[PDB]
Amino acid sequence: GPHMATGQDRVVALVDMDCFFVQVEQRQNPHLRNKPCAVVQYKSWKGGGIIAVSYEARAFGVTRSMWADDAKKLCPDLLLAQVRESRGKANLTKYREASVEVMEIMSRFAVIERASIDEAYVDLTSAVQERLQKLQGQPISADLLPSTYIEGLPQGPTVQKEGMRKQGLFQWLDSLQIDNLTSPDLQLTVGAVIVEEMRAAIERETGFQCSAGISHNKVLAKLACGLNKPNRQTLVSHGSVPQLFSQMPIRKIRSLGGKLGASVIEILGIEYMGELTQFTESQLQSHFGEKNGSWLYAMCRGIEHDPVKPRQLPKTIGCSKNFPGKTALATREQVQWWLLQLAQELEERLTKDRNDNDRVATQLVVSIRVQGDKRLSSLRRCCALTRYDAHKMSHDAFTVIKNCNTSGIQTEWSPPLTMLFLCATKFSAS
DNA sequence: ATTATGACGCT
DNA sequence: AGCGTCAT
Ligand SMILES: Nc1nc2c(ncn2[C@H]2C[C@H](O)[C@@H](COP(=O)(O)OP(=O)(O)OP(=O)(O)O)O2)c(=O)[nH]1
Ligand SMILES: [Ca+2]
Ligand SMILES: [Mg+2]
């Protein structure tokens, strides 16, 4: 009843760039604009591996993780842009720099949490309070929400998609009580007005389009963002959660798309997120642990408390390369040459990071995979990172991994290495 | 032969 | 610390 917390205390948005690496390449090369196109890494093996796909290309069935040769079967006119290669490996600097462009615009509106190269959470609670005091009880025009969908609407008592969007928005706005400055629905709506402005600023100042979700917490904002892509934003109200969750597969909620989600489905004999409401908090804790159980109990009612962390910069800077099948490294000189390549890219990125962001990494993490292990990482070892020097970094990494070499022979490396990974961590202000 | 990252939880 | 999970 009156004491039952409803998780409506915050306004949280999630801004995700549409087909991000494709947009970066389309900005640079106008011949790729408004075309089926994809971004690929490498080329010799099966035409390269697709990592981003324009919405035009998605209509043909092209997806991430597909080999370009196979994508070309589905979409013979598909256009491809390749990720840059430097020191023998994929170099993602262009996309990281474009990400910084977007993140700096977003930071003008509110403190953001960088969730990935192309996605940021926004805590809009304070900005909404401010804009509400400016509004002075003035209603919110549909003209201020030109790309907003209201999830669950229209309902009750119409052919095209834009008309449907507008019908739902008008139902939502007509149900609004603008007199109450603590109405959660009003707060979400003002949040959506702000996100429209943020998205317009991103597109004006970068050329990039994005989608967004607006709700009361990060999980619902992320889910909302996915409902109407591309180039649209979606408001998920607290009241929309029972219907939305009643047919929502558990795997669609962030953090439940892997083994934990599969165990929720198997142990409880359910399919949809809304079915979780029928279990007590103790029951869920008994199956999934104290933390997961409390989180599931609240999540399935639309409640989640994870804060938007004030963090615009990545906490680690890392360099990784796979050496698949027959390209696995089998000589000491090979291992040393590739460690040096990785370390040179890392030194370049670290030196730029130190100049831009007034910080220095203090720990170097070295990870490898050996042929045969089905795990991502076979071994992970840290050492001190005391100087930004690639030869020192690569010598140190070799020192911490050299004992994995089973080969009695000094020159050979056995079993061959199928992955190398260097990561700088534990930053301190400088 | 899916590749290149990145965040966070567990013990 | 080192490993595992999850995301994409
Ligand atoms: N190197 C590499 N980059 C990846 C991989 N998966 C995704 N990315 C990059 C390329 C994407 O453009 C970018 C952002 O990923 P998203 O999941 O947000 O997808 P994207 O923005 O492409 O499409 P969207 O409109 O959000 O569905 O991250 C991967 O496996 N490897
Ligand atoms: Ca995206
Ligand atoms: Mg994203």
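On to the overall build of chain A. Scanning chain A from terminus to terminus reveals 14 helices and 16 strands. For a compact globule of 430 residues, the expected C-alpha radius of gyration is about 22 Å, and chain A comes in at 25 Å, within 12% of that figure. For chain A, the spread of C-alpha atoms along the three principal axes comes to 80 × 55 × 50 Å. Buried residues in chain A amount to 47% of all 430 residues.

What follows covers the protein's contact with DNA strand B. Inspection of the region around DNA strand B gives 26 residues, with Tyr42, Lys89, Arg96, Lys315 and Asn322 positioned closest. Taking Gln41, its side chain carries an N or O atom lying 3.4 Å from a base oxygen of DNA strand B. At 3.1 Å from a phosphate oxygen of DNA strand B is found a main-chain nitrogen or oxygen belonging to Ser320. No other element matches strand β12 (residues 317–322), which puts six residues into the surface near DNA strand B.

In this section: the coordination of the magnesium ion (ligand 3). The magnesium ion (ligand 3) binds to the protein through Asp16 (OD), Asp118 (OD) and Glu119 (OE); the donor distances cover 2.0 to 2.2 Å. Positions of the donor residues of the magnesium ion (ligand 3), expressed as sequence spacing, correspond to D-x101-D-E.

Turning to the coordination of the calcium ion (ligand 2), a few remarks are in order. The protein atoms donating to the calcium ion (ligand 2) are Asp16 (OD), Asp16 (OD), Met17 (O) and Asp118 (OD), with metal-donor distances spanning 2.1 to 3.0 Å. Read in sequence order, the donor residues for the calcium ion (ligand 2) give the motif D-M-x100-D. A separation of 3.5 Å is found between the calcium ion (ligand 2) and the magnesium ion (ligand 3), which are bridged by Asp16. One end of the pair, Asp16, is in strand β1 (residues 12–17); the other, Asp118, is in the loop between β7 (112–116) and β8 (119–123), with 102 residues separating them in the sequence.

A few words now on the packing of aromatic side chains. Taken as a whole, this structure holds six aromatic pairs when the rule is applied. Between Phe21 and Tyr95, the ring centres sit 3.9 Å apart and the planes meet at 10°, which makes this aromatic pair stacked. Taken together, the residues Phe21 in helix α1 (residues 20–28) and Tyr95 in helix α4 (residues 93–106) connect sequence positions 74 residues apart. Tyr95 carries the same exposure label as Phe21, and that label is buried. For the cation-ring pair, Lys218 lies above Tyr121, with the distance from its terminal atom to the ring centre recorded as 5.1 Å. The side chain of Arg359 reaches across the aromatic face of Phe427, ending 4.0 Å from its centre.

Ordered in space as β3-β2-β4, the three strands form an open sheet in which the pairing is mixed. Each end of this open sheet is capped by a strand with a single partner; those strands are β3 (49–53) and β4 (79–82). Taking the axes of each pair of neighbouring strands and ignoring which way they run, one obtains an average angle of 35° across the sheet. With four bridges joining them, strand β2 (residues 37–41) and β3 adopt antiparallel strand pairing. Each bridged residue has a counterpart across the sheet, and for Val40 the counterpart in β3 is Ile50.

Glancing now at the protein's contact with DNA strand C. Near DNA strand C, the surroundings consist of 13 residues, among which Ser255, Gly257, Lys259, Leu260 and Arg380 are the closest. Of all elements in the fold, only α10 (259–268) and β15 (379–384) reach the threshold of two or more residues within the surface near DNA strand C. The leading source of residues in the surface near DNA strand C is β15, at four residues. Residue classes in the surface near DNA strand C are distributed as four nonpolar, three polar and six charged.

Here we take up the domain arrangement of chain A. Domains assigned within chain A are domain 1 (1–18 + 89–249), domain 2 (19–88), domain 3 (250–307) and domain 4 (308–430). Distance from the C-alpha centre of domain 1 to the C-alpha centre of domain 2: 29 Å. Across the boundary between the two partners, domain 1 contributes 19 residues, which contact 19 residues of domain 2. Carbon and sulfur atoms make up 58% of the area that domain 1 and domain 2 hide from each other, which totals about 1,700 Å².

Considering all chains together, one arrives at 20 salt bridges under this definition. Among the salt bridges present, the one from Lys94 reaches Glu25, with a minimum N-O distance of 2.8 Å. Highlighted residues: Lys94 in helix α4 and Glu25 in helix α1, separated in sequence by 69 residues. Take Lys94: its relative accessible area is 33%, and that puts it in the partly exposed class.

Summarising the element assignment, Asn217 is placed in the loop between β10 (210–215) and α8 (218–225). Only 3.3 Å separates the side chain of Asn217 from the backbone nitrogen of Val219, close enough to count as a polar contact. The contacts of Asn217, once residues within four sequence positions are left out, are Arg10, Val12, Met299, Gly302, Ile303 and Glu304.

Contacts to ligand 1 come from 15 residues, most closely from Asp16, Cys19, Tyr55, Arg64 and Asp118. The separation between an oxygen atom of ligand 1 and a polar main-chain atom of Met17 is 3.1 Å. Within the backbone of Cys19, a nitrogen or oxygen atom sits 2.8 Å from an oxygen atom of ligand 1. Against a free-state accessible area of 610 Å², the protein chains account for coverage of 70% of ligand 1.

By rolling a water-sized probe across the atoms, one finds the places where empty space is left. In this structure, the largest cavity encloses a volume near 40 Å³. Looking at the lining of the largest cavity, its residues break down into six nonpolar, two polar and no charged. The computed volume of the second largest cavity comes to approximately 30 Å³. Residue lining of the second largest cavity: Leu364, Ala384, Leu385, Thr386, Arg387, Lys392, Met393 and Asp396, and that is the complete set. Broken down by element, the lining of the second largest cavity gets its largest block of residues, three residues, from helix α14 (residues 390–401).

Definitions and limits used
Residues numbered from 1 in each chain as written, not as in the entry; some residues may be left out. Chains lettered and ligands numbered in written order. Heavy atoms only, no water. Helix = DSSP H or I, 4+ residues; strand = E, 2+ residues; numbered from the N terminus. Rg over C-alpha atoms; globule rule 2.2 N^0.38 Å. Buried < 20%, exposed > 50% of the residue type's maximum accessible area, 1.4 Å probe, protein only. Near = heavy atom within 4 Å. Polar contact = N/O pair within 3.5 Å; in protein donor to acceptor, adjacent residues only side chain to side chain. Donors = N, O, S within 2.8 Å, 3.2 Å for Na, K, Ca; no water. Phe/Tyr/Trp six-rings, centres within 6.5 Å; stacked < 30°, edge-to-face > 60°. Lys NZ or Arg CZ within 6 Å of the ring centre and 35° of its normal. Pairing = 2+ DSSP bridges. Axes fitted to C-alpha atoms, helices over the stretch in contact; angles between N-to-C directions. Nonpolar A, V, L, I, M, F, W, Y, C, P; charged D, E, K, R; others polar. Domains from an automatic or database assignment. Contact = heavy atoms within 4.5 Å. Buried area = accessible area lost by both parts, 1.4 Å probe. Salt bridge = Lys/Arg side-chain N within 4 Å of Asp/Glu carboxyl O. Areas by Shrake-Rupley, 256 points an atom, 1.4 Å probe, with all protein chains shown as cover. 1 Å grid on protein atoms, 1.4 Å probe; cavity = no way out; pocket = protein on both sides within 12 Å on 5 of 7 lines; lining within 4 Å. Points joined across faces, edges and corners; volume = space filled by probe spheres on them.

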